[PDB]
Amino acid sequence: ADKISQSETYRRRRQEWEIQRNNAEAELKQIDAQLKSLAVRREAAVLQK
Amino acid sequence: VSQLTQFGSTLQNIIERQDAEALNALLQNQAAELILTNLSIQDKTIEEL
């Protein structure tokens, strides 16, 4: 029973690393769009000049 | 001579008037040209949103 419970622990841990990896990937993905918006905002500031 | 002085007063009034009206037309062509950049800026604000 302790071998089985150790195995289930390692499996639950790996699923929690999917929750973390997906969270990091989503944050990475939203930063790129933030840069796209800022690239526009800068084009509008050059145009104000 | 008094008739000549009367032509001189009419002439001064004409000179002042025509020069001021050429300035009035200059300010209109100048604001007509200034508006286009504002249109471009507003359009890029939409893309920012």
# chains A, B, ... in the order shown; residues from 1 in each chain; ligands from 1
>>> closest_atom_pairs(of="chain A", to="chain B", cutoff="8 Å", atoms="only C-alpha atoms", output="Markdown table")
| residue | atom | partner | partner_atom | distance |
| --- | --- | --- | --- | --- |
| A:37 | CA | B:48 | CA | 5.5 |
| A:38 | CA | B:48 | CA | 7.9 |
| A:40 | CA | B:48 | CA | 5.9 |
| A:41 | CA | B:48 | CA | 6.4 |
| A:43 | CA | B:44 | CA | 8.0 |
| A:44 | CA | B:41 | CA | 5.8 |
| A:47 | CA | B:41 | CA | 6.7 |
| A:48 | CA | B:41 | CA | 7.2 |
>>> write_last_selection(atoms="N, CA and C atoms", output="mmCIF file, in the first residue's frame")
data_model
loop_
_atom_site.group_PDB
_atom_site.id
_atom_site.type_symbol
_atom_site.label_atom_id
_atom_site.label_comp_id
_atom_site.auth_asym_id
_atom_site.auth_seq_id
_atom_site.Cartn_x
_atom_site.Cartn_y
_atom_site.Cartn_z
ATOM 1 N N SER A 37 0.186 46.144 -28.569
ATOM 2 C CA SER A 37 -0.529 47.374 -28.246
ATOM 3 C C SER A 37 0.442 48.518 -28.020
ATOM 4 N N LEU A 38 1.550 48.257 -27.335
ATOM 5 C CA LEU A 38 2.499 49.340 -27.120
ATOM 6 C C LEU A 38 3.175 49.774 -28.416
ATOM 7 N N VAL A 40 1.720 49.969 -31.285
ATOM 8 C CA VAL A 40 0.787 50.951 -31.844
ATOM 9 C C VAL A 40 0.903 52.274 -31.096
ATOM 10 N N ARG A 41 0.815 52.230 -29.768
ATOM 11 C CA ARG A 41 0.824 53.454 -28.969
ATOM 12 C C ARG A 41 2.034 54.327 -29.281
ATOM 13 N N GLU A 43 3.661 54.197 -32.332
ATOM 14 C CA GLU A 43 3.412 54.796 -33.642
ATOM 15 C C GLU A 43 2.553 56.054 -33.537
ATOM 16 N N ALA A 44 1.519 56.033 -32.697
ATOM 17 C CA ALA A 44 0.728 57.245 -32.470
ATOM 18 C C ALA A 44 1.488 58.361 -31.770
ATOM 19 N N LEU A 47 3.564 59.886 -34.555
ATOM 20 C CA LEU A 47 2.673 60.694 -35.379
ATOM 21 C C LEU A 47 2.278 62.004 -34.704
ATOM 22 N N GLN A 48 2.136 62.011 -33.379
ATOM 23 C CA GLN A 48 1.894 63.282 -32.702
ATOM 24 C C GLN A 48 3.078 64.217 -32.879
#
>>> atom_distance(atom1="CA of residue 45 (chain A)", atom2="CA of residue 35 (chain B)")
16.3 Å
